[PDB]
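Everything on this sheet refers to the single structure shown next.
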Amino acid sequence: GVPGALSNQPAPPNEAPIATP
Amino acid sequence: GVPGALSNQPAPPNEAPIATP
Amino acid sequence: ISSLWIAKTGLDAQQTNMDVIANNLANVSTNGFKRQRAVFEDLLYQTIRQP
Amino acid sequence: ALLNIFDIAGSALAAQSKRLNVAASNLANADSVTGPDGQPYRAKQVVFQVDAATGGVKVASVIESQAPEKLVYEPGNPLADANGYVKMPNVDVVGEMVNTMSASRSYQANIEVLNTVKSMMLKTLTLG
Amino acid sequence: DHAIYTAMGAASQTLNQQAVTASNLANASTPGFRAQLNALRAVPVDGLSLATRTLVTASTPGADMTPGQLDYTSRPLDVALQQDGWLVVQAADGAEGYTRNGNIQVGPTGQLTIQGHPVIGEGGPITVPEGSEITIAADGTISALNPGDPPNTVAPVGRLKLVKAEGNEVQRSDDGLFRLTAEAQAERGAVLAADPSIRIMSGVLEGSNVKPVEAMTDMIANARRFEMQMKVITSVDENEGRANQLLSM
Amino acid sequence: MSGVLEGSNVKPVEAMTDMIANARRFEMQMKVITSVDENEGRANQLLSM
Amino acid sequence: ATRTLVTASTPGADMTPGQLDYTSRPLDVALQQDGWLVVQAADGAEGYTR
């Protein structure tokens, strides 16, 4: 939802792919 | 053992030799 | 930093080239003198990450 | 529990101090060519972890970064290998110049947290 | 707070690109050299909401295959390739490297070499007679003449192996010998075939191909970008330091 | 051989690069020192109570 | 362990022979790549120079 609010399940992992397969 | 804890054994002196004999 | 070392190597190479050129020009009157030529070579290559 | 703030912020202070010392040591040894026994200097880093739910931050260990050594060509040196390539520290400069600032800011922020918590605890000490 | 990390990463990658350009400039006279290109790639990070971070990592696509000039040294056994010629030599581990450095030397036992790497022609590593004068044809044939013998005793003794590579399928190696990429190797075979369409000439030696104007512009741009990133770092640090005062009471 | 006299062997490029590197390193170390001093100048304020 | 102090050191001199002037003085000598003239120091012990 809105940033800074509260939610039941955690955020997904963040990745920075150098090149998309 | 863990840093910041209390142990009755004083720590051995710290030395920084320039070259290994 | 790596850039300074690389540029130092380049300056040294150019200085050596100038040295051999000056030596070639100096003894232009020596009997039976064979002129020299300096050939260089690039060093190894560091691969930070493979393709 | 409002007492746990003290040993949470103390853990944060210790971790940030260790990080700052590591960064300072790397900056000092940014150009050192050898150690006490011919081993080249290696950049080091700390490992942060949670005390445990959640709690303070503890430095798990100190590990040398696993990056190739920025080796340089000095054939007339005893430490040179068979090809004359001596090994130099793989330490950048921007990394440590930013680590010091980040560690100082976190240290100051935890100092402020401890100040506020101590003030409110002392205020609670005189209820009614 | 994390906006400092993207700026410091940009500064570090600019420093790396400056190092690459300096390395290109350093060997501006090594015969048969190929310059190193450089570019910056954007690497956005896809989080949960409001994707506002896009980092940058320096990258080098590969060597540009524009041939440099060639100096006429009149040396009998100095060769210069065509637009896409490649002398095939044997590396230290037995792999077949490709070079454009035509400076060929002869050892005491008649073994040909290039910077210590034995050049391989039609067959194996070619070895000429002991102390004979060597001449290179216009297409790779090697003729030997034993000194003192009459000139009508010149005899072919071997032939060079010249391969044609487009340039976009070859990657540099650690030692400095170009080899085919995986896909091109699979498509054209493990070892290339000596095409007869390549012609060379003797008496000239090809130099390097580095553009001073490109080097200067790249250096100026790198310096300016580094300064801008440093200013951003300073601003972010100042803002965070003054914002932490809010945490007090 | 007679008639010649050998001079010193000092590399100007090496000297210049070393001096530049030393100056930069000293400036960075001064930055670290002042940062540490300023950072530590407030733990006493913390202890003040 | 986190602190690693730094100290300077000089691993001897370098033996690369520098260039030479031609002064035409009959008693000026120059050594080879690894030559050394042997002189007597102030304390009586011998030393090597160029």
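We label chains A, B, ... in the order they appear in the structure tokens, count residues from 1 in each chain, and number ligands from 1 in the order shown.
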
Just want the 10 Å neighbourhood of residue 49 (chain E), counted on only C-alpha atoms, with same-chain residues fewer than 6 positions away dropped. Output as a list in words. residues 1, 2, 3 and 11 of chain A

I'm after chain A in the frame of chain B: fit it by least squares over all Cα atoms matched in order, and give me the output as a JSON list (two decimals) with N, CA, C and O atoms, in the first residue's frame.
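The result, stored in out.json:
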[["chain", "number", "residue", "atom", "x", "y", "z"],
["A", 1, "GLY", "N", 35.49, -15.05, 25.90],
["A", 1, "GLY", "CA", 34.15, -15.23, 25.39],
["A", 1, "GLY", "C", 33.68, -14.08, 24.52],
["A", 1, "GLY", "O", 34.45, -13.53, 23.74],
["A", 2, "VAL", "N", 32.41, -13.72, 24.65],
["A", 2, "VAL", "CA", 31.86, -12.61, 23.87],
["A", 2, "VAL", "C", 32.51, -11.31, 24.33],
["A", 2, "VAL", "O", 32.76, -11.14, 25.54],
["A", 3, "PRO", "N", 32.84, -10.39, 23.43],
["A", 3, "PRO", "CA", 33.39, -9.10, 23.85],
["A", 3, "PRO", "C", 32.40, -8.34, 24.71],
["A", 3, "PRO", "O", 31.19, -8.38, 24.50],
["A", 4, "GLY", "N", 32.94, -7.63, 25.71],
["A", 4, "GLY", "CA", 32.13, -6.87, 26.63],
["A", 4, "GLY", "C", 31.65, -7.64, 27.84],
["A", 4, "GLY", "O", 31.06, -7.03, 28.74],
["A", 5, "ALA", "N", 31.88, -8.94, 27.90],
["A", 5, "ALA", "CA", 31.49, -9.73, 29.05],
["A", 5, "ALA", "C", 32.55, -9.60, 30.14],
["A", 5, "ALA", "O", 33.52, -8.85, 30.02],
["A", 6, "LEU", "N", 32.36, -10.34, 31.23],
["A", 6, "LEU", "CA", 33.28, -10.32, 32.35],
["A", 6, "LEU", "C", 33.99, -11.67, 32.47],
["A", 6, "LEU", "O", 33.38, -12.72, 32.29],
["A", 7, "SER", "N", 35.28, -11.62, 32.84],
["A", 7, "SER", "CA", 36.14, -12.84, 32.99],
["A", 7, "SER", "C", 37.11, -12.70, 34.17],
["A", 7, "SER", "O", 37.59, -11.58, 34.41],
["A", 8, "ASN", "N", 37.46, -13.82, 34.80],
["A", 8, "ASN", "CA", 38.33, -13.90, 36.01],
["A", 8, "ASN", "C", 39.78, -13.43, 35.82],
["A", 8, "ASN", "O", 40.25, -12.70, 36.70],
["A", 9, "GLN", "N", 40.45, -13.80, 34.72],
["A", 9, "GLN", "CA", 41.89, -13.42, 34.57],
["A", 9, "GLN", "C", 42.09, -12.42, 33.43],
["A", 9, "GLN", "O", 41.42, -12.56, 32.40],
["A", 10, "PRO", "N", 43.05, -11.49, 33.56],
["A", 10, "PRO", "CA", 43.29, -10.43, 32.56],
["A", 10, "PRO", "C", 43.71, -10.87, 31.15],
["A", 10, "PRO", "O", 44.13, -11.99, 30.98],
["A", 11, "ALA", "N", 43.59, -9.94, 30.20],
["A", 11, "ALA", "CA", 43.96, -10.15, 28.81],
["A", 11, "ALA", "C", 45.48, -10.25, 28.66],
["A", 11, "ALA", "O", 46.23, -9.61, 29.41],
["A", 12, "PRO", "N", 45.96, -11.04, 27.71],
["A", 12, "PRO", "CA", 47.40, -11.13, 27.48],
["A", 12, "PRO", "C", 47.94, -9.85, 26.86],
["A", 12, "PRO", "O", 47.18, -9.09, 26.26],
["A", 13, "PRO", "N", 49.23, -9.58, 27.01],
["A", 13, "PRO", "CA", 49.80, -8.37, 26.41],
["A", 13, "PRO", "C", 49.69, -8.39, 24.89],
["A", 13, "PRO", "O", 49.72, -9.44, 24.25],
["A", 14, "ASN", "N", 49.56, -7.20, 24.31],
["A", 14, "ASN", "CA", 49.44, -7.02, 22.87],
["A", 14, "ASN", "C", 50.77, -6.53, 22.31],
["A", 14, "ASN", "O", 51.37, -5.61, 22.86],
["A", 15, "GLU", "N", 51.22, -7.16, 21.22],
["A", 15, "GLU", "CA", 52.49, -6.82, 20.60],
["A", 15, "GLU", "C", 52.30, -6.63, 19.11],
["A", 15, "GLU", "O", 51.40, -7.22, 18.50],
["A", 16, "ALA", "N", 53.15, -5.79, 18.52],
["A", 16, "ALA", "CA", 53.12, -5.51, 17.09],
["A", 16, "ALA", "C", 54.52, -5.72, 16.53],
["A", 16, "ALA", "O", 55.30, -4.77, 16.39],
["A", 17, "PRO", "N", 54.88, -6.97, 16.21],
["A", 17, "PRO", "CA", 56.23, -7.24, 15.70],
["A", 17, "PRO", "C", 56.40, -6.71, 14.28],
["A", 17, "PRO", "O", 55.56, -6.96, 13.41],
["A", 18, "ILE", "N", 57.48, -5.97, 14.06],
["A", 18, "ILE", "CA", 57.76, -5.44, 12.72],
["A", 18, "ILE", "C", 58.11, -6.57, 11.77],
["A", 18, "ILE", "O", 57.72, -6.56, 10.60],
["A", 19, "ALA", "N", 58.86, -7.56, 12.25],
["A", 19, "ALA", "CA", 59.21, -8.72, 11.44],
["A", 19, "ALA", "C", 59.29, -9.94, 12.34],
["A", 19, "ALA", "O", 59.95, -9.90, 13.38],
["A", 20, "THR", "N", 58.64, -11.02, 11.93],
["A", 20, "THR", "CA", 58.63, -12.23, 12.75],
["A", 20, "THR", "C", 59.99, -12.92, 12.68],
["A", 20, "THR", "O", 60.47, -13.21, 11.58],
["A", 21, "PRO", "N", 60.63, -13.19, 13.83],
["A", 21, "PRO", "CA", 61.94, -13.85, 13.89],
["A", 21, "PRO", "C", 61.92, -15.25, 13.29],
["A", 21, "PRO", "O", 60.95, -15.97, 13.51]]

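Proximity to chain G was assessed for C:51, C:35, C:23, C:30 counting only C-alpha atoms; the smallest distance is recorded for C:23.
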
Taking the backbone alone, and naming residues the way the document does, which bits of region 2-37 of chain G are strand (DSSP E) by DSSP, as a ChimeraX atom specification? /G:20-22,37

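What separates CA of residue 12 (chain D) from CA of residue 25 (chain D) is a distance of 19.9 Å.
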
Near-region 37-40 of chain F list (9 Å; only C-alpha atoms; drop same-chain fewer than 6 positions) as a list in words: residues 104, 105, 107 and 108 of chain D

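For residue 98 (chain E), the list of residues within 7 Å, based on only C-alpha atoms and with local chain neighbours fewer than 3 positions off taken out, reads residues 86, 87, 88, 89, 177, 178 and 179 of chain E.
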
Restricting the output to C-alpha atoms, write the selected residues as a PDB file, in the first residue's frame.
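Saved the output as out_6.pdb:
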ATOM      1  CA  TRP E  86      45.042 -12.661 -37.708  1.00  0.00           C
ATOM      2  CA  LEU E  87      48.352 -14.430 -37.222  1.00  0.00           C
ATOM      3  CA  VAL E  88      47.695 -17.642 -35.291  1.00  0.00           C
ATOM      4  CA  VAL E  89      50.212 -18.445 -32.551  1.00  0.00           C
ATOM      5  CA  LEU E 177      45.659 -13.043 -27.209  1.00  0.00           C
ATOM      6  CA  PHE E 178      42.198 -12.785 -28.735  1.00  0.00           C
ATOM      7  CA  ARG E 179      40.094 -15.946 -28.815  1.00  0.00           C
TER       8      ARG E 179
END

Counting only C-alpha atoms, which residues of chain F sit at most 12 Å from some atom of chain G, and what is each one's closest atom pair with its distance in Å to one decimal, listed by chain and rising residue number, as a tab-separated table?
residue	atom	partner	partner_atom	distance
F:1	CA	G:29	CA	5.6
F:2	CA	G:29	CA	4.6
F:3	CA	G:24	CA	4.5
F:4	CA	G:22	CA	4.4
F:5	CA	G:20	CA	5.3
F:6	CA	G:20	CA	4.0
F:7	CA	G:20	CA	5.5
F:8	CA	G:18	CA	5.4
F:9	CA	G:18	CA	4.4
F:10	CA	G:18	CA	8.0
F:11	CA	G:18	CA	9.8

Quick one: which chain E residues come within 6 Å of chain D, and what is the nearest atom pair for each with the distance in Å to one decimal, counting only C-alpha atoms, rows ordered by chain and ascending number, as CSV?
residue,atom,partner,partner_atom,distance
E:244,CA,D:109,CA,6.0
E:248,CA,D:112,CA,5.5
E:249,CA,D:116,CA,5.6

Limited to N, CA and C atoms, could you put the picked residues into a file as an mmCIF file, in the first residue's frame?
data_model
loop_
_atom_site.group_PDB
_atom_site.id
_atom_site.type_symbol
_atom_site.label_atom_id
_atom_site.label_comp_id
_atom_site.auth_asym_id
_atom_site.auth_seq_id
_atom_site.Cartn_x
_atom_site.Cartn_y
_atom_site.Cartn_z
ATOM 1 N N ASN E 244 19.614 14.461 11.778
ATOM 2 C CA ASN E 244 19.704 13.650 12.987
ATOM 3 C C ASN E 244 19.435 14.453 14.253
ATOM 4 N N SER E 248 16.740 14.205 18.703
ATOM 5 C CA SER E 248 16.926 14.622 20.083
ATOM 6 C C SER E 248 15.597 15.060 20.693
ATOM 7 N N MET E 249 15.636 15.360 21.985
ATOM 8 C CA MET E 249 14.441 15.775 22.706
ATOM 9 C C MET E 249 14.788 16.794 23.784
#

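In this model, the gap between CA of residue 29 (chain D) and CA of residue 12 (chain E) comes to 18.6 Å.
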
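The shortest atom-to-atom distance to residue 3 (chain C), with only C-alpha atoms taken into account, belongs to E:219 out of E:35, E:48, E:219, E:70.
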
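As for CA of residue 12 (chain F) and CA of residue 12 (chain C), they are spaced 9.9 Å apart.
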
Using only C-alpha atoms, I'd like every residue of chain D that has an atom within 9 Å of chain B; please write them out as a PDB file with N, CA, C and O atoms, in the first residue's frame.
ATOM      1  N   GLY D  35      53.425  -7.376   4.487  1.00  0.00           N
ATOM      2  CA  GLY D  35      53.176  -7.544   5.895  1.00  0.00           C
ATOM      3  C   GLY D  35      54.420  -8.007   6.622  1.00  0.00           C
ATOM      4  O   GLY D  35      55.540  -7.893   6.117  1.00  0.00           O
ATOM      5  N   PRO D  36      54.247  -8.535   7.835  1.00  0.00           N
ATOM      6  CA  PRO D  36      55.410  -9.007   8.599  1.00  0.00           C
ATOM      7  C   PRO D  36      56.115 -10.194   7.974  1.00  0.00           C
ATOM      8  O   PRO D  36      57.281 -10.439   8.306  1.00  0.00           O
ATOM      9  N   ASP D  37      55.457 -10.945   7.088  1.00  0.00           N
ATOM     10  CA  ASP D  37      56.057 -12.154   6.539  1.00  0.00           C
ATOM     11  C   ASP D  37      55.841 -12.263   5.035  1.00  0.00           C
ATOM     12  O   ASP D  37      55.669 -13.367   4.509  1.00  0.00           O
TER      13      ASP D  37
END
